[PDB]
Amino acid sequence: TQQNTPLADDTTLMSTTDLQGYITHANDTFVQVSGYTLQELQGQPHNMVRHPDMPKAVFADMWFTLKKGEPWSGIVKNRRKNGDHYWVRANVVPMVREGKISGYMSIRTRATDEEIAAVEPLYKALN
Ligand SMILES: Cc1cc2nc3c(=O)[nH]c(=O)nc-3n(C[C@H](O)[C@H](O)[C@H](O)COP(=O)(O)OP(=O)(O)OC[C@H]3O[C@@H](n4cnc5c(N)ncnc54)[C@H](O)[C@@H]3O)c2cc1C
């Protein structure tokens, strides 16, 4: 199925990746919503969650901003294990340890559907 899974108001997905984007930890809500357990996520890139409809230009601008040491945010469409889609607004922030960017943490809330209708014409003009 490709249908939408409506998320609750308190939905707060949080995860941590290394400098190459491979997941190092994931909170319990990310495990429940994504359908993947913690051990299946650890040591895996964050693209197993990526929905194929998401443009390449969205992630290219994120890593350009992240590699500059700056935080990034945007409306993201994700994919579950069964394959249902759910929109979020990712808030990826570079993690700094001893003056060095050690990784990136992100807190993903539920996307208001009005942010979806504003990027869908832009997303089909991006990829
Ligand atoms: C903390 C964190 C949380 C994330 N959460 C999500 C999430 O919830 N959903 C989601 O879909 N993605 C998420 N991502 C992005 C994920 O890691 C992938 O980069 C994304 O899915 C795109 O990878 P891809 O190979 O599928 O597409 P690609 O074809 O690789 O993406 C297009 C462009 O992305 C750029 N890019 C991707 N990875 C890198 C990299 N490591 N270094 C430099 N440039 C790069 C390249 O310029 C490339 O041309 C997250 C990343 C981080 C760091």
# chains A, B, ... in the order shown; residues from 1 in each chain; ligands from 1
>>> select_by_dssp(residues="chain A", states="alpha helix (DSSP H)", output="ChimeraX atom specification")
/A:28-34,38-41,56-67,113-123
>>> write_last_selection(atoms="C-alpha atoms", output="CSV table (one decimal), in the first residue's frame")
chain,number,residue,atom,x,y,z
A,28,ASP,CA,10.8,4.5,20.1
A,29,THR,CA,8.3,6.5,18.0
A,30,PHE,CA,10.6,6.3,15.0
A,31,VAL,CA,10.7,2.5,15.5
A,32,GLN,CA,6.9,2.3,15.6
A,33,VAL,CA,6.1,4.7,12.7
A,34,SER,CA,8.8,3.5,10.4
A,38,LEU,CA,16.3,-0.4,16.4
A,39,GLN,CA,18.8,-3.1,15.4
A,40,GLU,CA,17.5,-3.1,11.8
A,41,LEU,CA,18.1,0.7,11.7
A,56,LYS,CA,17.3,14.5,-5.1
A,57,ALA,CA,17.6,18.3,-4.8
A,58,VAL,CA,16.1,18.3,-1.3
A,59,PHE,CA,18.8,16.0,0.1
A,60,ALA,CA,21.6,17.7,-1.9
A,61,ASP,CA,20.8,21.0,-0.3
A,62,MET,CA,20.6,19.5,3.2
A,63,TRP,CA,24.1,18.0,3.1
A,64,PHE,CA,25.4,21.2,1.6
A,65,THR,CA,24.0,23.1,4.6
A,66,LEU,CA,25.0,20.4,7.0
A,67,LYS,CA,28.6,20.3,5.8
A,113,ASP,CA,-0.7,19.2,5.3
A,114,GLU,CA,-0.5,22.8,4.1
A,115,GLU,CA,3.3,22.5,4.0
A,116,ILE,CA,2.7,19.4,1.8
A,117,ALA,CA,0.6,21.2,-0.8
A,118,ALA,CA,3.2,24.0,-1.0
A,119,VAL,CA,6.2,21.7,-1.8
A,120,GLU,CA,4.4,19.1,-4.0
A,121,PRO,CA,4.4,21.4,-7.0
A,122,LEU,CA,7.9,22.5,-6.1
A,123,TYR,CA,9.1,18.9,-5.6
>>> residues_around(residues="residue A:48", least_positions_apart="4", cutoff="12 Å", atoms="only C-alpha atoms", output="list in words")
residues 21, 22, 23, 34, 35, 36, 40, 41, 42, 43, 44, 52, 78, 79, 80, 81, 82 and 83 of chain A
>>> residues_around(residues="residue A:8", least_positions_apart="3", cutoff="10 Å", atoms="only C-alpha atoms", output="VMD selection string")
chain A and resid 5 11 to 12 109 to 110
>>> write_last_selection(atoms="C-alpha atoms", output="PDB file, in the first residue's frame")
ATOM      1  CA  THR A   5      -0.666   7.070   7.743  1.00  0.00           C
ATOM      2  CA  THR A  11       4.397  12.409  17.160  1.00  0.00           C
ATOM      3  CA  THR A  12       8.090  13.247  17.627  1.00  0.00           C
ATOM      4  CA  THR A 109       7.370  16.212  13.837  1.00  0.00           C
ATOM      5  CA  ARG A 110       4.218  15.657  11.795  1.00  0.00           C
TER       6      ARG A 110
END
>>> select_by_dssp(residues="chain A", states="strand (DSSP E)", output="PyMOL selection string")
chain A and resi 12-17+23-26+72-79+85-97+100-110
>>> residues_around(residues="residue A:19", least_positions_apart="6", cutoff="12 Å", atoms="only C-alpha atoms", output="list in words")
residues 45, 46, 63, 66, 67, 69, 93, 94, 95, 96, 100, 101, 102, 103, 104 and 105 of chain A
>>> write_last_selection(atoms="N, CA and C atoms", output="CSV table (one decimal), in the first residue's frame")
chain,number,residue,atom,x,y,z
A,45,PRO,N,21.9,3.3,6.4
A,45,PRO,CA,21.7,4.7,6.0
A,45,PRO,C,20.2,5.1,6.2
A,46,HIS,N,20.0,6.4,6.3
A,46,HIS,CA,18.7,7.0,6.6
A,46,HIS,C,17.9,7.0,5.3
A,63,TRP,N,22.7,18.3,2.8
A,63,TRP,CA,24.1,18.0,3.1
A,63,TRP,C,25.0,19.2,2.8
A,66,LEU,N,24.5,21.1,5.9
A,66,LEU,CA,25.0,20.4,7.0
A,66,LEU,C,26.5,20.4,7.0
A,67,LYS,N,27.2,20.3,5.9
A,67,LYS,CA,28.6,20.3,5.8
A,67,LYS,C,29.2,21.7,6.0
A,69,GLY,N,28.2,23.3,8.6
A,69,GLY,CA,27.9,23.4,10.0
A,69,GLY,C,26.6,24.1,10.4
A,93,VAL,N,20.3,18.8,12.8
A,93,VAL,CA,21.3,19.8,13.4
A,93,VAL,C,22.6,19.1,13.5
A,94,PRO,N,23.7,19.7,13.1
A,94,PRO,CA,25.0,19.1,13.3
A,94,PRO,C,25.4,18.9,14.7
A,95,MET,N,25.9,17.7,15.1
A,95,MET,CA,26.3,17.5,16.5
A,95,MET,C,27.8,17.7,16.6
A,96,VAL,N,28.2,18.6,17.5
A,96,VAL,CA,29.6,19.0,17.7
A,96,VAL,C,30.1,18.4,19.0
A,100,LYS,N,34.6,19.6,17.0
A,100,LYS,CA,34.5,18.9,15.7
A,100,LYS,C,33.1,18.4,15.5
A,101,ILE,N,32.5,18.6,14.3
A,101,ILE,CA,31.2,18.0,14.0
A,101,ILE,C,31.3,16.5,14.0
A,102,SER,N,30.7,16.0,15.1
A,102,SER,CA,30.7,14.5,15.3
A,102,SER,C,29.6,13.8,14.6
A,103,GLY,N,28.5,14.5,14.2
A,103,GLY,CA,27.4,13.9,13.5
A,103,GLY,C,26.3,14.8,13.4
A,104,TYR,N,25.1,14.2,13.2
A,104,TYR,CA,23.8,15.0,13.0
A,104,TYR,C,22.7,14.3,13.7
A,105,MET,N,22.0,15.1,14.5
A,105,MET,CA,20.7,14.7,15.2
A,105,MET,C,19.6,15.4,14.5
>>> closest_residue(among="A:127, A:16, A:2, A:24", to="ligand 1", atoms="only C-alpha atoms and all ligand atoms")
A:16
>>> closest_residue(among="A:54, A:75, A:49, A:13", to="residue A:111", atoms="only C-alpha atoms")
A:75
>>> closest_residue(among="A:125, A:107, A:92, A:26", to="ligand 1", atoms="only C-alpha atoms and all ligand atoms")
A:92
>>> closest_residue(among="A:77, A:25, A:68, A:124", to="ligand 1", atoms="only C-alpha atoms and all ligand atoms")
A:77
>>> decode(residues="stretch 42-90 of chain A", atoms="N, CA and C atoms", output="CSV table (one decimal), in the first residue's frame")
chain,number,residue,atom,x,y,z
A,42,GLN,N,20.2,0.5,13.1
A,42,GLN,CA,21.5,0.8,13.5
A,42,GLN,C,22.5,0.2,12.4
A,43,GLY,N,23.4,1.0,12.0
A,43,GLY,CA,24.4,0.6,10.9
A,43,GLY,C,23.8,0.7,9.5
A,44,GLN,N,22.7,1.4,9.3
A,44,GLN,CA,22.0,1.5,8.0
A,44,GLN,C,21.8,2.9,7.7
A,45,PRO,N,21.9,3.3,6.4
A,45,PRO,CA,21.7,4.7,6.0
A,45,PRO,C,20.2,5.1,6.2
A,46,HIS,N,20.0,6.4,6.3
A,46,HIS,CA,18.7,7.0,6.6
A,46,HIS,C,17.9,7.0,5.3
A,47,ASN,N,18.3,6.4,4.2
A,47,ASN,CA,17.5,6.3,3.0
A,47,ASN,C,16.6,5.1,2.9
A,48,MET,N,16.7,4.1,3.7
A,48,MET,CA,15.7,3.1,3.8
A,48,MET,C,14.4,3.6,4.3
A,49,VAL,N,14.3,4.8,4.9
A,49,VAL,CA,13.1,5.5,5.2
A,49,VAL,C,12.6,6.4,4.0
A,50,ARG,N,13.5,6.7,3.1
A,50,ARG,CA,13.2,7.7,2.1
A,50,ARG,C,12.1,7.1,1.1
A,51,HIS,N,11.1,7.9,0.9
A,51,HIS,CA,10.1,7.6,-0.1
A,51,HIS,C,10.6,7.9,-1.5
A,52,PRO,N,10.4,7.1,-2.5
A,52,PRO,CA,10.9,7.3,-3.8
A,52,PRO,C,10.4,8.6,-4.5
A,53,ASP,N,9.3,9.2,-4.0
A,53,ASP,CA,8.8,10.4,-4.6
A,53,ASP,C,9.6,11.6,-4.2
A,54,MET,N,10.5,11.5,-3.2
A,54,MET,CA,11.3,12.7,-2.7
A,54,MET,C,12.3,13.1,-3.7
A,55,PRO,N,12.5,14.3,-4.1
A,55,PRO,CA,13.5,14.7,-5.1
A,55,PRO,C,14.9,14.6,-4.5
A,56,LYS,N,15.9,14.5,-5.5
A,56,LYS,CA,17.3,14.5,-5.1
A,56,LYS,C,17.8,15.9,-4.7
A,57,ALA,N,17.1,16.9,-5.2
A,57,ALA,CA,17.6,18.3,-4.8
A,57,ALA,C,17.3,18.7,-3.4
A,58,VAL,N,16.4,18.0,-2.7
A,58,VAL,CA,16.1,18.3,-1.3
A,58,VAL,C,17.2,17.8,-0.4
A,59,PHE,N,17.7,16.6,-0.7
A,59,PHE,CA,18.8,16.0,0.1
A,59,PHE,C,20.2,16.6,-0.2
A,60,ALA,N,20.3,17.1,-1.5
A,60,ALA,CA,21.6,17.7,-1.9
A,60,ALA,C,21.8,19.0,-1.2
A,61,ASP,N,20.7,19.8,-1.0
A,61,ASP,CA,20.8,21.0,-0.3
A,61,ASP,C,20.9,20.8,1.2
A,62,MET,N,20.4,19.7,1.7
A,62,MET,CA,20.6,19.5,3.2
A,62,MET,C,22.0,19.2,3.5
A,63,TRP,N,22.7,18.3,2.8
A,63,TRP,CA,24.1,18.0,3.1
A,63,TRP,C,25.0,19.2,2.8
A,64,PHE,N,24.6,20.0,1.8
A,64,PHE,CA,25.4,21.2,1.6
A,64,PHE,C,25.3,22.2,2.8
A,65,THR,N,24.1,22.3,3.4
A,65,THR,CA,24.0,23.1,4.6
A,65,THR,C,24.6,22.4,5.8
A,66,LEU,N,24.5,21.1,5.9
A,66,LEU,CA,25.0,20.4,7.0
A,66,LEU,C,26.5,20.4,7.0
A,67,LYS,N,27.2,20.3,5.9
A,67,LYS,CA,28.6,20.3,5.8
A,67,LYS,C,29.2,21.7,6.0
A,68,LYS,N,28.4,22.7,5.9
A,68,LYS,CA,28.8,24.1,6.3
A,68,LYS,C,28.6,24.3,7.8
A,69,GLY,N,28.2,23.3,8.6
A,69,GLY,CA,27.9,23.4,10.0
A,69,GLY,C,26.6,24.1,10.4
A,70,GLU,N,25.7,24.2,9.4
A,70,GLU,CA,24.5,24.9,9.6
A,70,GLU,C,23.3,24.0,9.7
A,71,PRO,N,22.3,24.3,10.5
A,71,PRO,CA,21.1,23.4,10.6
A,71,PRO,C,20.2,23.5,9.4
A,72,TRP,N,19.5,22.4,9.1
A,72,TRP,CA,18.6,22.3,7.9
A,72,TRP,C,17.2,21.9,8.4
A,73,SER,N,16.2,22.3,7.6
A,73,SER,CA,14.9,21.9,7.9
A,73,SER,C,14.1,21.9,6.6
A,74,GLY,N,13.1,21.1,6.5
A,74,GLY,CA,12.3,21.0,5.3
A,74,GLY,C,11.2,19.9,5.4
A,75,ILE,N,10.3,20.0,4.5
A,75,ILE,CA,9.1,19.0,4.5
A,75,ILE,C,9.6,17.8,3.7
A,76,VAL,N,9.5,16.6,4.4
A,76,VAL,CA,10.1,15.4,3.9
A,76,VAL,C,8.9,14.3,3.8
A,77,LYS,N,8.9,13.6,2.7
A,77,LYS,CA,8.0,12.4,2.6
A,77,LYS,C,8.8,11.1,2.8
A,78,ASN,N,8.3,10.3,3.7
A,78,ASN,CA,9.0,9.1,4.1
A,78,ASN,C,8.2,7.9,3.7
A,79,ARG,N,8.8,6.7,4.0
A,79,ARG,CA,8.2,5.4,3.6
A,79,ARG,C,8.4,4.4,4.7
A,80,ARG,N,7.3,3.7,5.0
A,80,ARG,CA,7.3,2.7,6.0
A,80,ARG,C,7.8,1.3,5.5
A,81,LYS,N,7.8,0.3,6.3
A,81,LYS,CA,8.3,-1.0,5.9
A,81,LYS,C,7.3,-1.6,5.0
A,82,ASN,N,6.0,-1.6,5.3
A,82,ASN,CA,4.9,-2.0,4.4
A,82,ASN,C,4.9,-1.1,3.2
A,83,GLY,N,5.4,0.2,3.3
A,83,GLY,CA,5.5,1.1,2.2
A,83,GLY,C,4.6,2.3,2.2
A,84,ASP,N,3.7,2.4,3.3
A,84,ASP,CA,2.9,3.6,3.4
A,84,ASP,C,3.8,4.8,3.6
A,85,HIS,N,3.2,5.9,3.2
A,85,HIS,CA,4.0,7.2,3.2
A,85,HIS,C,3.5,8.1,4.4
A,86,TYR,N,4.4,8.9,4.9
A,86,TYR,CA,4.0,9.9,6.0
A,86,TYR,C,4.9,11.1,5.8
A,87,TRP,N,4.3,12.3,5.8
A,87,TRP,CA,5.1,13.5,5.6
A,87,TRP,C,5.5,14.0,7.0
A,88,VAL,N,6.7,14.5,7.0
A,88,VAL,CA,7.3,15.1,8.3
A,88,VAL,C,8.1,16.4,7.9
A,89,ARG,N,8.4,17.2,8.9
A,89,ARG,CA,9.3,18.3,8.8
A,89,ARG,C,10.6,17.9,9.6
A,90,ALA,N,11.6,17.5,8.9
A,90,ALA,CA,12.9,17.1,9.6
A,90,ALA,C,13.7,18.4,10.0
